[PDB]
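Scope of the values below: all heavy atoms of this structure, side chains included, with no hydrogens, waters or symmetry mates. Throughout, a chain's letter reflects where its sequence line sits, starting with A, and its residues are numbered from 1.
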Amino acid sequence: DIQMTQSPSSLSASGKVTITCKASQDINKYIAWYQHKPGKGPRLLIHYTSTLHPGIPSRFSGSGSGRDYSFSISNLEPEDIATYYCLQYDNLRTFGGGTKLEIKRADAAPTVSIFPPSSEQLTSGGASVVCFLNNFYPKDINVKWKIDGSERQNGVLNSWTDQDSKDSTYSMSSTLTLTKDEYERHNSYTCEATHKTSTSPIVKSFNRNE
Amino acid sequence: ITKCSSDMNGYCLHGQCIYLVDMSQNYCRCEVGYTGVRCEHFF
Amino acid sequence: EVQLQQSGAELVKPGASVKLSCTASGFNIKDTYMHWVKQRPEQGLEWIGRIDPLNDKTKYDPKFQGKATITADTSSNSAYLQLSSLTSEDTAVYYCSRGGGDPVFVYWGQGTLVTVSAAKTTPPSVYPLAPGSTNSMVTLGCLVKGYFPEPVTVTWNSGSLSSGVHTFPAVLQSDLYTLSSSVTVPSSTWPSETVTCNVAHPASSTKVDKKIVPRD
Ligand SMILES: [Cl-]
């Protein structure tokens, strides 16, 4: 009926971030801005574009009119790292796409480790090769698996931790999952990590013959 | 104090919807003879 | 004082249907529109629709028409969301909230998880990840493969090893969950001291302890 687009989907500054939001129709100032967190319900901060909600810190600062709107936090001391939703309510209800915040910090290279399948697993006819990429920044990183020199996309499962609280880095796990006898048809296994901290991949590997 | 959203047509059955902004609630001003949160009941 | 309390978690075969409940303390739902809101995991907030418990009329976000049916029982002070022809797209947390007196959402239920899956309860296989055939730190790991449903628990030395631990969100693989966990320690301390992965899986009443042992 009536569309909401909230830019950007995520951003990093350590600061003063502001979020935008534009609407299909103009909604006569009926927007609200929510702050969402793990397991909690979305807490309301600002309603009617600008009016702060009874009992909220005075650094949050929505703004705008017509089709176009703004939301700004002053400074994310420290609680305010979380996800943020704009909501129109001029006519029915529509949430924006959301904005996830991270804590921008210094670039960090990942610590990378490859593990072969365990003996226990092989006895079950399966084989998982696992690769940790730990404590790196920023979050985006690309992992590539190579078997005997050749890329294998098929059967790769990837998982990122949340941003660490103590050093604000990320960690990621990557698993190449094979059948046992497939695994025994090859010798070399490699995960290689590309990341902003490298113009040249981190490469951990092993050979079954060793 | 401002206009109720357009979303609220028929919240205030026999009354007029009022948006108390700063206080963050909607209020039905009831027609004489109607009571209730939504002005739903007579006399 | 306002309370919204929703029914318990659901686990549903695909193709089937579920009906969640939301019951309100501290106010009469006659005096309010009751709303339902979907949050599919890792994704934002979808407004599902609303009912007016006073006249039982309803509105829906057109994305949900045919999928959701919102009802109310003024008798039990309750609103209900019912989802038909479940798919994995319907796998989400569903929040109820109220409108009318509230110009916008302020109070929410605790949320109800709906997991759409024909998977049966399945304990994990737990595998040790040791390095094989060596400077200041060493990283070990533990792989928790093919369990259902969520969640599991992974601790290292029963919680005594907390620093240097990374436990990764489970991912889905042919309807079952797989998770991993790493721990980093000084080379000094391993393998001379022992590092044990402790995995628990309440749904299948299963507990597994796995000592990490140099590959040999
Ligand atoms: Cl997943």
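Contact check on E192(A) versus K204(A) returns no salt bridge, with no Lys/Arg side-chain nitrogen under 4.0 Å from an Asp/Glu carboxylate oxygen. In this structure, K139(A) does not pair ionically with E102(A), as no charged nitrogen and carboxylate oxygen lie closer than 4.0 Å. The residues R50(C) and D61(C) are annotated as not salt-bridged, no charged nitrogen and carboxylate oxygen being separated by less than 4.0 angstrom. By the 4.0 Å N-to-carboxylate-O rule, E151(A) lies too far from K146(A) to be salt-bridged with it.
Side-chain contact between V93(C) and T112(C) is absent, with no heavy atoms from C-beta onward closer than 4.5 Å. Considering only heavy atoms from C-beta on, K145(C) comes within 4.5 Å of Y127(C) through its side chain. Taking the side chain as every heavy atom from C-beta outward, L101(A) and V17(A) approach each other to under 4.5 Å. Inter-residue side-chain proximity for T155(C) and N157(C) is flagged as unmet; no heavy-atom pair is nearer than 4.5 Å. Using a 4.5 Å heavy-atom threshold, the side chains of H36(A) and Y85(A) count as touching. No side-chain heavy atom of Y33(C) sits less than 4.5 Å from a side-chain heavy atom of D7(B). Side-chain contact check for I51(C) versus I29(C): every heavy-atom pair is 4.5 Å or farther apart. Using a 4.5 Å cut-off on side-chain heavy atoms (C-beta onward), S159(A) and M172(A) make no contact.
The closest side-chain donor-acceptor pair between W47(C) and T94(A), if any, does not fall under 3.5 angstrom. The closest side-chain donor-acceptor pair between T23(C) and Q5(C), if any, does not fall under 3.5 angstrom. Inspection of the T167(C) and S181(C) side chains reveals an N or O donor paired with an N or O acceptor under 3.5 Å. Of the N and O atoms on the side chains of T139(C) and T184(C), at least one donor lies less than 3.5 Å from an acceptor on the other residue.
The main-chain N or O of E120(A) is found under 3.5 Å from a side-chain atom of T123(A) such that the two form a donor-acceptor pair. With hydrogens and angles disregarded, a donor-acceptor distance shorter than 3.5 Å links the side chain of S5(B) to the backbone of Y89(A). Within the 3.5 Å criterion, the main-chain N or O of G100(C) finds a donor-acceptor partner in the side chain of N26(B). Judged purely by atom type and a 3.5 angstrom limit, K67(C) uses its side chain to pair as donor or acceptor with the backbone of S85(C). For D175(C) (side chain) and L172(C) (main-chain N/O), no donor-acceptor pair under 3.5 Å exists by modelled atom type. Between the side chain of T194(A) and the main chain of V143(A), no donor-acceptor pair closer than 3.5 Å is present. Using a distance-only test at 3.5 Å, with no hydrogens or angles considered, no donor-acceptor pair links the side chain of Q6(A) to the main chain of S9(A). Although no hydrogens or angles enter the test, the distance criterion places a donor-acceptor pair under 3.5 Å between the side chain of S124(A) and the main chain of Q121(A). Distance alone, capped at 3.5 Å, is enough to place a donor-acceptor pair between the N198(C) side chain and the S158(C) backbone. A distance-only check finds no donor-acceptor pair linking the side chain of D90(A) to the backbone of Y30(A) [under 3.5 Å].
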Determine whether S180(C) and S173(A) satisfy the following criterion, side-chain hydrogen bond (donor to acceptor under 3.5 Å, both in side chains), listing intermediate values before the conclusion. CA-CA 7 Å; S180(C) 69; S173(A) 181; 2.9 Å; yes
Verdict with reasoning, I31(A) to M4(A), per side-chain contact (heavy atoms from CB on, under 4.5 Å): CA-CA 10 Å; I31(A) 50 150; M4(A) 296 286 288; 4.2 Å; yes
Derivation of the side-chain hydrogen bond (donor to acceptor under 3.5 Å, both in side chains) call for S174(A) and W145(A): CA-CA 9 Å; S174(A) 190; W145(A) 279 100; 3.1 Å; yes
What verdict does the salt bridge (charged side-chain N to carboxylate O under 4.0 Å, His left out) test give for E42(C) and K100(A), after you've listed the backbone C-alpha separation in whole Å, the side-chain angles of each residue and the deciding distance to 0.1 Å? CA-CA 11 Å; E42(C) 300 168 349; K100(A) 198 200 62 161; over 6 Å; no
Trace of the side-chain hydrogen bond (donor to acceptor under 3.5 Å, both in side chains) decision for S204(C) with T121(C): CA-CA 6 Å; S204(C) 72; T121(C) 305; over 6 Å; no
From CA spacing to verdict: side-chain hydrogen bond (donor to acceptor under 3.5 Å, both in side chains), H35(C), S97(C): CA-CA 5 Å; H35(C) 302 263; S97(C) 178; over 6 Å; no
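Aromatic pair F132(A)/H166(C): ring centres not closer than 6.0 Å. Between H195(A) and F136(A), the ring center distance clears the sub-6.0 Å criterion. Between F115(A) and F206(A), the distance separating the two ring centers is not shorter than 6.0 angstrom. For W33(A) and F71(A), the distance between ring centers is under 6.0 angstrom.
Shown here for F168(C) and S182(C), the closest heavy-atom pair between the two residues is CE1-OG, 4.0 Å. Shown here for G64(A) and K29(A), the closest heavy-atom pair between the two residues is O-CE, 3.9 Å. Shortest non-hydrogen contact noted between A82(A) and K37(A) is CB-CG, 3.6 Å. The two residues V112(A) and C191(A) make their nearest non-hydrogen contact at CG1-SG, 4.2 Å. Across all their heavy atoms, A127(A) and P117(A) have their closest contact at CB-CG, 3.7 Å. Nearest heavy-atom pair, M8(B) versus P103(C), reported as atom, atom and distance to 0.1 Å: CE-O, 3.8 Å.
Screening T32(C), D31(C), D52(C) for a side-chain hydrogen bond (donor to acceptor under 3.5 Å, both in side chains) involving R38(B) leaves a single residue, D52(C).
Geometrically, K38(C) does not engage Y94(C) in a cation-pi contact, judged by NZ or CZ lying under 6.0 Å from the ring centre and within 45° of the ring axis. A cation-pi arrangement is present between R98(C) and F27(C) under the rule of less than 6.0 angstrom and at most 45 degrees off the ring axis. Cation-pi geometry between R93(A) and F64(C) is not satisfied (NZ or CZ under 6.0 Å from the ring centre, within 45° of the ring normal). Judged by the 6.0 Å distance and 45° axis criteria, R208(A) is positioned over the aromatic ring of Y183(A).
Atom CD of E89(C) sits in a sparse spot, with 12 or fewer heavy atoms from other residues, nucleotides or ligands closer than 6.0 Å. The number of heavy-atom neighbours closer than 6.0 Å to CZ of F60(A), taken from other residues, nucleotides and ligands shown, is above 12.
Taken together, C12(B) and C17(B) fail the criterion of an SG-SG distance shorter than 2.5 Å.
We find the OG-CD1 distance between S205(A) and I114(A) to be 6.5 Å, quoted to the nearest 0.5 Å. Atom SG in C96(C) sits 10.5 Å away from atom CZ in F105(C) (nearest 0.5 Å). For the atom pair CD1 of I73(A) and CG of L45(A), the computed distance is 11.0 Å after rounding to the nearest 0.5 Å.
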